[PDB]
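Q: structure of the sequence below:
(one chain, ligands or ions: 4)
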Amino acid sequence: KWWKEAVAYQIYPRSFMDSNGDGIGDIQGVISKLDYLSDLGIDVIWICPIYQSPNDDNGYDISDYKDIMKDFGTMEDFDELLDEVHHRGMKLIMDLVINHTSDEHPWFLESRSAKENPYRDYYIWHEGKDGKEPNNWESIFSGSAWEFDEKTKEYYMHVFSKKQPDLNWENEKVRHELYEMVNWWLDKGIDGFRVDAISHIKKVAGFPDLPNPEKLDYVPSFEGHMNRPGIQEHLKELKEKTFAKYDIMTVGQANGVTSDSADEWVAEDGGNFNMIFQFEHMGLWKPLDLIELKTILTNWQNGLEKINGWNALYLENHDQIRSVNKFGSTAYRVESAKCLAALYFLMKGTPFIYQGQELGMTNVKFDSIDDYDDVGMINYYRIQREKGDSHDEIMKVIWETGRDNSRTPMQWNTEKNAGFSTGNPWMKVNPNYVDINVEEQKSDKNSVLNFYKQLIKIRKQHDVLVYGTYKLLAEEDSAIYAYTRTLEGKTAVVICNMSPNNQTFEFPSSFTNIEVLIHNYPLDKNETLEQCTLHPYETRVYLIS
Ligand SMILES: OC[C@H]1O[C@H](O[C@H]2[C@H](O)[C@@H](O)[C@@H](O[C@H]3[C@H](O)[C@@H](O)[C@@H](O[C@H]4[C@H](O)[C@@H](O)[C@@H](O)O[C@@H]4CO)O[C@@H]3CO)O[C@@H]2CO)[C@H](O)[C@@H](O)[C@@H]1O
Ligand SMILES: [Ca+2]
Ligand SMILES: [Ca+2]
Ligand SMILES: [Ca+2]
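A: Numbering: from 1, shown residues only. Ligands and ions are numbered 1, 2, ... in the order given. The coordinates are given below.
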């Protein structure tokens, strides 16, 4: 329940704050900015992986689950971070990455050392077929999902990068070691987990070839490992052996789950997580099809209400482009950032703010593939360029869809590197930091940052915005996304002009009192309540008694 009322903030530590001048964010950097997060009103901090890692996938390739990444500091630094977070009235959830390890993890170093050894079946090994890979599956990061090991003459599976071999969840030995490791972290007093790639742990037994109608070199392989039948047996055991023993919050990153199939994931009785990140609204690749977005988010609002589930509300993370670009407008950056904020944040669920979302940070356009880092897009570039795609064609995909857009340094001020670092940042700062930065937004009462501050405040002050039932209004309006939250004798009306144009809208009205809780445009003195004349990306929230 505390997690129902929480507002969460997601830190990408490599890009949050560099405290010692090597261009890489670190834990002491996070500590130095906890005032910022406390003042914002954040309740829960989710920090991306901070464990020992070769950083082939920036922390998601872990070589020691119980040791801190050298780039980020030491276990003392972590203990200090957790102690400071907890003394400032906040909680911290860690990133739990147990679909795969680094290929430099001691388990894998042993697993690959000999065809027979005690760790061989900790991972997924198979001999080739027809002198090629065991099957035609493609890695999510492009290329084959199998990597050949010359020494033992077999392939190992990697859904993600070649340096992220998948763990074998069919091996009871593996599961036992993972549960011990999870509880070791929970025994330290962390407040839960965001659970990485968790819908990928069940592979179709025997790893059969997938249909290949377009005769590709490798076949996108989601039907072989994403949310496959049999996964719930493993997730139920994970919950029983770890999470259920502690008063924590869990949010599973669960691609491949739909609003109709969310029951076993988040239902109040028997769900294996408190909430999940679902992906149905994040793949609508021009004028946004607003009504399609209404349909998806409404499906999840209504769907989880019926099974007493809880939604995780978000538009940004370290795997997506920036939401102004994805859902708003760079022609109305500040206005659409605030409009999007009210839109997603005030639905029923637990809202997550990704670092820089509260500033209206936007996508970046670097010309050189060497300026980027994302293993997925570097791989994509190589494979597609050999296939004849031009540099411009590939950079368009990277610019418009690549997750590096969300990994540029946090923009603190207008000093060198936006104040993120005294050194040369591991990823270049967006040049628009001269216009978009924390320092400037603190002093502007109409900044995106202070709009998020107000959103957090009104959600905390009005129970209807936490527990109120959601209802979509004006479904057929292709520009206005409007909805209500209803609880006892209070109704909140959220009105978002999700368009770059002025629009008219009849107030969807039965009240003894009306109060405007938040608005991103000055109120027009002559304007009547009944006939809204909304500016581009104007949002208003009314509270009705
Ligand atoms: O630790 C390895 C990585 O794991 C985590 O991210 C993973 C997800 O768990 C995977 O499910 C997957 O998600 C991708 C997906 O591959 C890609 O197709 C795209 O998904 C679209 C989807 O196709 C579309 O139908 C709609 O639902 O929108 C989706 C989102 O746009 O994007 C997904 C998210 O990137 O791969 C990712 C890694 O890319 C972890 O968080 C990663 O940081 C980590 O590398
Ligand atoms: Ca550093
Ligand atoms: Ca089994
Ligand atoms: Ca007006």
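Q: what's the burial count for residue 147?
A: Counted with other C-beta atoms under 10 Å, the neighbours of residue 147 add up to 17. In this view, the C-beta of every residue, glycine as well, is placed from N, C-alpha and C.
Q: hmm, it is touching residue 164, no?
A: No: between residue 147 and residue 164 there is no contact under C-beta atoms under 8 Å: 10.1 Å.
Q: how far away is residue 109 from ligand 2?
A: Residue 109 sits 28 Å away from ligand 2, going by C-beta to the ion, to the nearest Å.
Q: what do residue 147 and residue 164 both touch?
A: The contact sets of residue 147 and residue 164 overlap at residue 158 (C-beta atoms under 8 Å, 6 or more residues apart in numbering).
Q: quick one, what contacts the residue nearest the centre of the chain?
A: Nearest to the geometric centre of the chain sits residue 317, at 3.5 Å (C-alpha atoms, centre = their mean). Contacts for residue 317 (C-beta under 8 Å, 6+ apart) come out as 10, 277, 352, 354, 406.
Q: how about those, which pair is most distant?
A: Largest separation among the contacts of residue 317 by C-beta to C-beta: 277 and 406, giving 14.3 Å.
Q: partners of residue 514 in the sheet?
A: residue 544 (DSSP bridges).
Q: so what's it up against?
A: Counting by C-beta under 8 Å, 6+ apart, residue 514 has contacts 529, 542-545.
Q: repeat that for residue 143.
A: Taking C-beta under 8 Å, 6+ apart, we find residue 143 in contact with 162, 218, 379, 383.
Q: do residue 201 as well
A: Counted by C-beta under 8 Å, 6+ apart, residue 201 has contacts 98-99, 167, 169, 231, 234-235.
Q: what values do phi and psi take at it?
A: Main-chain torsions, residue 201, degrees, to the nearest 10: phi -80, psi -20.
Q: name the nearest residue to it, ignoring sequence neighbours.
A: Excluding the flanking residues, the one nearest residue 201 by C-beta to C-beta, 6 or more residues apart in numbering is residue 169, at 4.6 Å.
Q: quick one: contacts for that neighbour?
A: The contact partners of residue 169, taken as C-beta under 8 Å, 6+ apart, are 175, 201-202, 234.
Q: for ligand 4, what's the nearest residue on this structure?
A: Per C-beta to the ion, the residue of the chain with the smallest distance to ligand 4 is residue 533, at 3.4 Å.
Q: surely that residue is in a strand?
A: Yes: counting by DSSP: H, G, I helix; E, B strand; the rest coil, residue 533 is located in a strand.
Q: isn't it right up against residue 523?
A: No: using C-beta under 8 Å, residue 533 is not in contact with residue 523; the gap is 11.1 Å.
Q: between those two, which is the more surrounded one?
A: Between residue 533 and residue 523, counted using other C-beta under 10 Å, the more crowded position is residue 533 (13 against 8).
Q: tell me which two in the contacts of residue 169 are the farthest apart.
A: Using C-beta to C-beta, the two most remote members of the contacts of residue 169 are 175 and 202, lying 12.3 Å apart.
Q: what is the neighbour count of residue 215?
A: 6.
Q: where does residue 481 land in three-state SS?
A: Secondary structure, three-state DSSP: residue 481 is strand.
Q: and it, what does it touch?
A: By C-beta under 8 Å, 6+ apart, the contact list for residue 481 reads 290, 293-294, 343, 496, 498.
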